[PDB]
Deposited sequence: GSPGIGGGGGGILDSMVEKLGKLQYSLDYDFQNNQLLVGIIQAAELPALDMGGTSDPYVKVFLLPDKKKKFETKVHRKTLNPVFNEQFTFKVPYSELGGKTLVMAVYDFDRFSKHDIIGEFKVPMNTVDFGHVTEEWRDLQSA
């Protein structure tokens, strides 16, 4: 009654652990794409990879390596965004997990966003985030 409330709940599409730190010495944002867990199987298991990028920036998106046939990949990758601190406040970091497929569109598994204006810089941020439907 009931069903409508269940439909509003966050779907079980897995989670991604990432870390974030602004390097004030070099003036760049550092992002760690650590691992994902409990991904749904779209293939069976999926072939997950993560796209990492800033909005509204129109720059080419960074991507992790593809991890074949796993619902619990460990990426252990780091990415760097050369952006002065004063300009970072208006941007939003996006992390999106996709299922690599060689013969068809890569299905999105889920994504989430981290507005830079609500992040506590000066201390390394690390958290698990539930992937949201795209």
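Enquirer: Hey, which stretches of the deposited sequence didn't make it into the model?
Expert: Since the structure holds only modelled residues, the stretches it omits are 1 to 7, 51 to 52.
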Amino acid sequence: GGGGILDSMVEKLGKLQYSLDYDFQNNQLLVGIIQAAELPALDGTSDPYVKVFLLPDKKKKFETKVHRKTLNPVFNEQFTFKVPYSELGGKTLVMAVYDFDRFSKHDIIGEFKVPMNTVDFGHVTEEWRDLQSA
From here on, numbers count along this sequence of modelled residues.
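Enquirer: If you average the Cα B factors in the entry, which is higher, 29 to 37 or 87 to 95?
Expert: The stretch with the larger average C-alpha B-factor is 87 to 95.
Enquirer: Would you tell me which stretch averages the higher CA B-factor in the PDB entry, 78 to 86 or 62 to 70?
Expert: Mean B over CA atoms: larger for 78 to 86.
Enquirer: Could you tell me which one of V10, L20, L16, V119 shows the highest CA temperature factor in the PDB record?
Expert: Highest CA B-factor of the listed options: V119.
Enquirer: Splitting the chain's C-alpha B-factors into thirds, which one does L42 fall into?
Expert: As the PDB entry reports it, the C-alpha B-factor of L42 lands in the highest third of its chain.
Enquirer: Please say which third, lowest, middle or highest, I5 falls into when its CA temperature factor is compared across its chain.
Expert: Its C-alpha B-factor belongs to the middle third of this chain's values.
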